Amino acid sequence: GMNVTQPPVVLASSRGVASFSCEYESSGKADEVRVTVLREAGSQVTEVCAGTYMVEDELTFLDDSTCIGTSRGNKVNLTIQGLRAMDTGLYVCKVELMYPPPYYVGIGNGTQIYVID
């Protein structure tokens, strides 16, 4: 089907940088993949950042002001920077196989990110 795995807990650095991996297992023949980071507090859901990458590549597919994502095959590293204590929360990796059809979607269990000031 579509298992998305990410580490349950991570600690931001003193500079406000937190890194976690997100990995997927699937029967789909992934080529184009959309990875979305969702911050979740119960039913409160907010999109943090998102990027598209090509499975056969190996690159830095995401680099907005806040997230940096690198990808290799079915694994990605995600890094969120500029974190402060109030940004503490559950960050859920969502993965979509976007092309070719058929479409697949999976959601991870979430990485709880703790930030000390």
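Numbers follow the displayed sequence, beginning with 1.
- The question of which stretch, 81-89 or 24-32, has the higher mean Cα B factor is settled in favour of 24-32.
- Judged by mean Cα B factor in the deposited record, 12-20 ranks above the other of 12-20 and 90-98.
- When the C-alpha B factors of 59, 76, 45, 50 are read from the deposited coordinates, the top value falls at 59.
- Ranked within its chain, residue 67 lands in the middle third, by CA B factor from the PDB record.
- Compared with the other modelled residues of the chain, the Cα B-factor recorded for residue 113 ranks in the lowest third.
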